[PDB]
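Listed next as structure tokens is one chain, alone, in the form deposited in one PDB entry.
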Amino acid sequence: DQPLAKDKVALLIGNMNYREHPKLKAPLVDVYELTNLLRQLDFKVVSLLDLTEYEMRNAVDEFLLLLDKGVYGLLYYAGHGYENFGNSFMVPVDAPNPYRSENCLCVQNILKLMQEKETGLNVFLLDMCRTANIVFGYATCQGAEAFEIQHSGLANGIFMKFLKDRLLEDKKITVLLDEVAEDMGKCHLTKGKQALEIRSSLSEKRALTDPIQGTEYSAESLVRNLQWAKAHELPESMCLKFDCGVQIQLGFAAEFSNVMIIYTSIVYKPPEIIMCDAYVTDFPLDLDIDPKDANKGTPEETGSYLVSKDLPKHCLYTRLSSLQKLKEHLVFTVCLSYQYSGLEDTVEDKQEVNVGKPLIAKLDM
């Protein structure tokens, strides 16, 4: 009979904004598209961008605790990576130049910890820039040379380009990764720029497409679902009524588990008010929001290019990345600049908004 998953859980980490090393662009697109693909396959996904050492360790340790008997897990990392005496390491964004293994996450130790699990399937995919049923995919590419033409910017990396066209196939994961490796070989344009090593201990016909076992509302199942729901909570849409009668709608969208977009629009303006501007300000110092990047006419201007399609139009947009850096409640100000018909003077009002700890910030861990 057909193989089944107890559950399907995934942790996707994309590092781009390196403090002491070259900046990367592909992790943003790859993490976003892989998230949507795994969602189609009924995975609960945590997608995190630009994590420090402490943040990566917390994320990986908590992902591993979800790996109960029969659970299908997937760990994906895209960013800088290095090899030191056969051992590979994932480089966090706060890593000093040059790398030191103690500042990095040891790949082999994660594989060792995965081995101790009774998972139905455990897929660990490394997309680095240079019985547990574990399938390890180690992809390496050279970093872009200084005088090389930067292409699309919204382009996928070589590994995701090939992986995304095969990942939805109802096929044994080992067989599937083998065909991705072959497709990479068949492309002479990528033949010298991208490598893929697959390591497998898979002894059964497991696939990412395998169905999740019939609804068992166990405490173990509820723990996994709660922990993932707890981190994917968006504040509800707000209607702020100003004393002058002007009504502002405040909306919240998620781009990643640590990335939220805030948007505002004037939903009601009394006939007596002629000019009317709403804008957000005074964000927690921890989020490091540059006001120059806030209140934009388009999401693309905020550095938000993935959710841009799903966002309501004719709003002012603010991108709140690095949500895991929020220690307190997300408190900010909604400012209003208005003017009555005829009158020269501009009247000003403001309302403080507290939206709690949204998305991954809710994790007091």
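From 1 onward, residues are counted along the sequence shown. Between two forms, the rigid core is the largest collection of C-alphas that superpose within 1.5 Å.
FYI, the form solved in complex with a partner chain isn't displayed, but the following is about it.
Screening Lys193, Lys230, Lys292, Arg100 for any heavy atom within 4.5 Å of the partner chain in the deposited bound form leaves a single hit, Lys193. Stretch-level contact analysis of 258 to 266, 144 to 152, 279 to 287, 238 to 246 against the partner chain in the deposited bound form, using heavy atoms and a 4.5 Å limit, identifies 144 to 152.
Residues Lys23, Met128 and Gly157 are all found to lie within 4.5 Å of the partner chain in the deposited bound form, as judged by heavy atom distances.
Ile274 falls outside the set of residues with a heavy atom inside 4.5 Å of the partner chain in the deposited bound form. When contacts are judged by a 4.5 Å heavy atom cut-off, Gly79 counts as touching the partner chain in the deposited bound form. Of the heavy atoms in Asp30, some are within 4.5 Å of the partner chain in the deposited bound form. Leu111 is the only residue from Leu234, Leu168, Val267, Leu111 whose Cα shifts by 2 Å or more between the shown form and the other one, the rigid core being superposed. In a rigid-core overlay of the protein, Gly143 has its C-alpha displaced by at least 2 Å between the shown form and the other one. The Cα position of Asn84 differs by 2 Å or more between the shown form and the other one after fitting on the rigid core. Core-aligned CA deviation for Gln249 between the shown form and the other one: less than 2 Å.
In summary, the C-alpha positions of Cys141 and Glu255 diverge in the deposited bound form, ending up at least 3 angstroms farther from each other than in this conformation. By 3 Å or more, the C-alpha separation between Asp30 and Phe147 shrinks in the deposited bound form relative to the form shown here.
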